[PDB]
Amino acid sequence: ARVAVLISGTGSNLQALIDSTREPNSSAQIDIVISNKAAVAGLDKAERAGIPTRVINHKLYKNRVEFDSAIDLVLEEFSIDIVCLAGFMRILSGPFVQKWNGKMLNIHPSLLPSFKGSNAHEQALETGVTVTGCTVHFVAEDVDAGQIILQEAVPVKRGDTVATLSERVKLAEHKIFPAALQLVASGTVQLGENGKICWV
């Protein structure tokens, strides 16, 4: 399965994905890394790994739809089969999501449905939970609302801050996001006709 990773920043999930997909049993190959922000560290990791990179500036297109069109163009250019959002901080248009329905995974740093949205760790700490975690899910139109693929619980420790909580969660992310990719790329998991998660 040919895979694209969309990033916006440091790219440590990208790195975890690269690491698993070079294992010989990997059913995924990362063929392109696409970032909407230049000079971010995820682009270095991708170039250090030998993976082609493209930077699409969302300040050169008029529409969200024109912008995703540019991404889709690159995905088609590289004959991509699966799209992994690994720290992509931009919301995708409805038609783009429709076209990739069932082929696009996202890593979100909470136990969904808790703490949808962009500041999940802040939500978790404000709420006062003693357990949080991360989720890999298919991207549906409603944000952080697609079919869940994997989750891993992570403890919240006393005095945690966003810094320390997200450090702990990210170790879990580097576990379940490569596993989730591998489930989907091997055809073990798909999105069923009924749109629920389909094990095979």
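C-alpha atoms forming the largest set that superposes within 1.5 Å between two forms make up the rigid core. Just count from 1 along the sequence shown to find any residue number.
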For this session: Output the stretch, either 60 to 68 or 156 to 164, that has more C-alpha displacement from this form in 9 other deposited structures of this protein following superposition by the rigid core.
Result: 156 to 164
For this session: Give, as the answer, the stretch of 88 to 96 and 122 to 130 that departs more from the shown form in 9 other deposited structures of this protein; the measure is RMS Cα distance after a core fit.
Result: 122 to 130
Exercise. For the stretches 63 to 71 and 153 to 161, which has the higher mean C-alpha B-factor as given in the deposited record?
Worked result: 63 to 71
Seminar exercise, completed: Averaging the C-alpha temperature factors as deposited, the higher value of 131 to 139 versus 35 to 43 falls on 35 to 43
Exercise. Of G94, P113, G87, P109, which one's C-alpha B factor is largest in the deposited record?
Worked result: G94
Exercise. According to the PDB entry, is the CA B factor of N57 in the bottom, middle or top third of its chain, that is, lowest, middle or highest?
Worked result: highest
Seminar exercise, completed: On the chain's distribution of Cα B-factors, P178 falls within the third called lowest
For this session: Using the B-factor values recorded in the entry, state whether the Cα atom of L17 falls in the lowest, middle or highest third among the modelled residues of its chain.
Result: lowest
Exercise. By its CA B factor, does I51 count among the lowest, middle or highest third of the modelled residues in the chain?
Worked result: middle
Exercise. Lowest, middle or highest third: where is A1 by C-alpha B factor in its chain?
Worked result: lowest
